[PDB]
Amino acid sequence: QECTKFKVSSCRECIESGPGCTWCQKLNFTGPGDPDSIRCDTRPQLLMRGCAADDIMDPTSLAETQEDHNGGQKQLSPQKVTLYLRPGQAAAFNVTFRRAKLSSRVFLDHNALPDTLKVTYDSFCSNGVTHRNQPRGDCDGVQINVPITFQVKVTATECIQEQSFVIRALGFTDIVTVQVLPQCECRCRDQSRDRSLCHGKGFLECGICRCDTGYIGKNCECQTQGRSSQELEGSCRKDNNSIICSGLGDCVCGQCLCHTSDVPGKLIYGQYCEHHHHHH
């Protein structure tokens, strides 16, 4: 929790909806009556609905760090950082400053960023003052050979374009190079290893079948044979102002297939899944 979403139709659209949002790519996850957007929810919700660990798509903001050989750099480490940023979720990483002669007071800052990137600093000073969530790193009472730590937190407001920026301690030539990359795309299972997926009449895209022309259904199971995909839906809805199969079933090649329940003695029946029995 929490995931706010509206009629999401792809894994990326789900990820973009907020850091609490995750996407279930499980084949047939959306049973009768359930639209594609049910695939997008908080991790605990999907788990509870039977989405397995390998089927929850949930890329996360993260930092990778690299240090050059030695000399290299002396005072700031690490020398290279790569961030993968999911919108709304901070990536955190630590920069160490090691005084050599100067200076007693040390500030940490970065070059101007686009409005899409928010950066704050925690300062873990040795004197031992602590600052948190500040626009700049700031430590007084810095001493030679006793390293100080700054925690850098970077948040993107969108799926950003790959860019770089630098972090520097004021008065020093040292550079921390920060590579910034988006983390918005899902790594989903494609249909390469099974020609029967989506009945071999559509493309599998993070659990959703995108059916070839002349085929409809969650699994592309229904050939239309030019009966319009409308005519077909018409025998699944009671009136033009009503919803298909009462919101409780799928229109499967012109006929409602109703949600089955594990609850005794619940039965959803009728031409449009309109009869909701509690005593069957």
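Quick note: we count residues from 1 along the sequence shown, nothing fancier.
- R43 is built in all of the other entries compared, counting only those with both neighbours built, so it is not a gap in a third.
- Across the other PDB entries of this protein whose models span the neighbouring residues, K26 is modelled without exception, so it is unmodelled in far fewer than a third.
- Remark: stretch with higher mean C-alpha B factor among 197 to 205 and 141 to 149 is 141 to 149.
- Here 20 to 28 and 258 to 266 are compared by their mean Cα B-factor, and 258 to 266 comes out higher.
- Remark: of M57, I243, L47, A63, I243 shows the highest value [criterion: C-alpha B-factor in the PDB entry].
- Across the options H110, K101, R86, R210, the residue with the most elevated CA B-factor in the record is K101.
- Remark: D190 belongs to the middle third of its chain, ranked by C-alpha B-factor as recorded.
- Ranked by C-alpha B-factor against the other modelled residues of its chain, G128 falls in the highest third.
- Sort the chain's modelled residues by C-alpha temperature factor and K74 lands in the middle third, per the entry.
- Looking at the C-alpha B-factors along this chain, the one for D174 belongs to the lowest third.
- Ranked by Cα temperature factor within the chain, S9 sits in the middle third according to the deposited record.
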